Structure formats: structure tokens, C-alpha cells
């Protein structure tokens, strides 16, 4: 079977409503827009609106992810003081495969765009997996 090329996509982001990000995987009122999923590679891209005081549940990146913090301030891997990074808008980060994000948090109301290659493994304190959340999970939470 001859395969065709993949269609290009365009999203007018201000004509897409924010949705609450699942409470199972965050606290403090985080909202999101899913922008794209790639079913073949398993990559996906989203933007997040994160109130001051908000955070994501503990997780591990199984593939590389890259972010552009456009507004605010984000502590990753503990924040700069703890030997991680404190992203301050405008900030770019490369979170490598295997990166462990125990409590990514937002000291200031923030907005960040992130692309992910593959899923996030949400983990218990002992590192055991709770949920493996990737493109398909994202698409369903966004659109189903």
C-alpha cells in the first residue's frame, strides 16, 4: 500500500478554550490546551496555564521534552537552589529522556509550551509506576 505524506496542521490558539488539567496529575488549578499529537512517533505538544502555587504530580519523562516558558516562573528538578533549574520567562528547557520531575511547580502564575516525545510515567514516592500517560491519553482527556 502506497502511503501518503502527513497533513500539515494549524491551530488558532486563542480560539481554543482552556480546559482544566486532570486533578489526578496536578494541583492548584492548572489548565491546558492540547495542540498536537503524533500517533506514529508518540509525540504530543500542549500549552499550560498554571496559577501561582500550582504543581504537577511526580513523574518521569521516558523521552525528551522541550519547553518554552513564556510567562512566569517554574521550578524544575527542585529549582536552581536545589540543583535543578528555575525557569524564568522567557526560558527554554531541554528535559532529557529519563528526567525525574518529582514536583514541577509554579511559584508565579505561568504559561509554558511543551513538546514531549513519548509518555510521562507518573510515579509513587518509591518510584513504582502509577500511570503511563502519553499522546493517546492526552488526546482522549482533551477531546473525548
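Residue numbers count along the first chain shown, from 1.
The question of which stretch, 59-67 or 81-89, has the higher mean Cα B factor is settled in favour of 81-89. For the pair 14-22 and 125-133, the mean B factor over Cα atoms is greater in 125-133. Highest C-alpha temperature factor among 52, 76, 47, 97 per the entry: 76. When all modelled residues of the chain are sorted by CA temperature factor, residue 37 is found within the lowest third.
Annotation for residue 109: CA B-factor lies in the highest third of the chain's modelled residues. When the modelled residues of the chain are ordered by C-alpha B-factor, residue 138 sits in the middle third.
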